[PDB]
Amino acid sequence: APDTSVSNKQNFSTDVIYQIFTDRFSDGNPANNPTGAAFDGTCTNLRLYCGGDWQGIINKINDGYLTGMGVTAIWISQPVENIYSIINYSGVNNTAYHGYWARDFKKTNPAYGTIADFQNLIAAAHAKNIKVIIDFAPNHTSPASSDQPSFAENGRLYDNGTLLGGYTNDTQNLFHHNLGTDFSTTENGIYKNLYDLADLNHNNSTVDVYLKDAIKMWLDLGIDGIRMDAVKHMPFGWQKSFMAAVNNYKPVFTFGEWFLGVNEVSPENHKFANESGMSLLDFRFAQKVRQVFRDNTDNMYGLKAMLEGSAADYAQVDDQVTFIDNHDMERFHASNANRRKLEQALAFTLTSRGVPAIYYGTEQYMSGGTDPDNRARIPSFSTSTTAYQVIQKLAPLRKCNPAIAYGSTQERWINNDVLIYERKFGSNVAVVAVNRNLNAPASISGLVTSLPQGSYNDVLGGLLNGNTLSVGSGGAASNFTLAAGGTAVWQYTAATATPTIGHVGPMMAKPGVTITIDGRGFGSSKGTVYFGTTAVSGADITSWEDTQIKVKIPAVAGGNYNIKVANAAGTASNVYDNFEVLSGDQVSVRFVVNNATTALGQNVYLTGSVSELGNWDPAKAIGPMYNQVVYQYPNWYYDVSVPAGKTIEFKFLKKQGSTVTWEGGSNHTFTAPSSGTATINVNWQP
């Protein structure tokens, strides 16, 4: 199958995601609607259940609302059963309409539908070439009070009907009891409760195995992707083991939410996206787009800096999920704002690198402040809005023009208000011109592109006041006027002679697992696939066609490899680096080192005899370790994904910058468990 197939669960770069708040989209089955104080059919009280369900989504999939818009993927509310309690916060009732208060990850939320309804949703979506991404929030269960056991449902967790335990009298330690986080540090935000939500303890074997079995169930139901909730609030090491469990079973595109504010560039965020096994929602992109197109707090130079910086900071920038707003931000469109701003931000996002996500109702110009005002019921299913037509025209390009899906990004023209960028992949090109200035036109002269000689019609058809482009030799475009608020898209597609890799997924798995290499020019006959210097051909290449290759990871030592391919003729492609071959199945193990004193600025790290521990290379050491919540300095701890059942040798390091001080004596040693978790506690050796 081609890279653009709906069956491609490893690549969403050619897709356009539509984020659906199930309850606020369409109530297709009134029979499953909650009742009493937990329901408001009018959806005036945005804190109660409005009735939106999976049958409603099925209806909108079948009546052409999404397909006519060019949507090829949906991201829905967490499908698992949530608490039924109606929580009263300051005299205001609240329900789990949002799906983030799980009580059983192995059952469905009755309000959305039954297992059968979910299956019909998967079937209906795939029948229309629409992939399905589910929200998954394994950080917590639901609101609970240690002082008030009767509050809500005490965060009780069930395993397919069987009660495992609650927040009160948690003798099993299924949850964290370190109070609440003040977001002062990453560690503080991870090992303490997020607000009043019962924080799950992933170091507890029962919780570890349970959550991993739970995701398996949803994978078996046919989901095509996973949106991980609050990934900045769970042990990064455990999440890696979680992604390994997913990829070593049935790999599907996964991206987590790591909120970033305006002007916030986070190195930890980058590292997480590059090493966890999942990508992230591109808040850096979203915030900058809002600054430039919505709030006027930065110009096109800032937009360019974001594009160039992100392309360098993210190993796989094309896996980052972009957007202009979501359920945790005020609606992009302000009630009194010119609609062209939203239209431009949409056009920009739909043609930029990554995986575009459109928050439901954006195409209907919905306005609203912070939660819950940004989660109103979609007012209309009109296909006559300008925004709907913009999506309709640009969304399909991610499918037909690989430059949009996998291409590099280069600035071709720029000033305070104008940005003309070019996307390029092989013999495919796309040039987008955007003039955010709603009152002043711009004279575009000296524009040079990679577009072949000829005339180009604006893909938007002048919908956003775009214009035709005339290109001479050398890719030089004739002078033209870019209208105020003008937005135009010019493109060219053609066959690519040389093998070109545009995407690889998953990017982390053990030998034997099948990976998907997408691009152009691979040819029809099986060629060769390279993992570092190791060549793979024949049988282990399950399938091979011009845009997609399915190949099994060779039995090579765990580590980081560069992926490259060659057609039957032997012509090599570009290299797609940063692929992590695991040393085997993964288990989350907590390492604790006692009495490791340090100076301010100096931190303790973990190094070991397996790639998961960086193979004794201080540069790839695990950490910096923590020393405040679960254990206190001079004791340090950290949760790490390591190969199950392997005997591993390790040592700790004290690092200040890149300067390292090795622990003395002989290496420590232990054998990781075959499944579940474990805690290895040793003393720092002088």
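Residues carry their position along the shown sequence, with the first being 1.
Look at the C-alpha B-factors of 343 to 351 and of 160 to 168. On average they run higher in 160 to 168. Stretches 393 to 401 and 600 to 608 differ in mean C-alpha B factor, with the higher average recorded for 600 to 608. Residue-level inspection of the entry shows that, of 276, 534, 77, 335, 335 has the top Cα B-factor. Listed residues 19, 14, 10, 666 were ranked by CA B-factor as deposited; 666 comes out on top.
The deposited CA B-factor of residue 474 belongs to the highest third of values across its chain.
Among the modelled residues of its chain, residue 644 has a C-alpha B-factor that falls in the middle third according to the deposited record.
Per the PDB record, residue ranking by Cα B-factor puts residue 28 in the middle third of the chain. Remark: residue 217 belongs to the highest third of its chain, ranked by C-alpha B-factor as recorded.
Among the modelled residues of its chain, residue 183 has a C-alpha B-factor that falls in the highest third, as given in the PDB entry.
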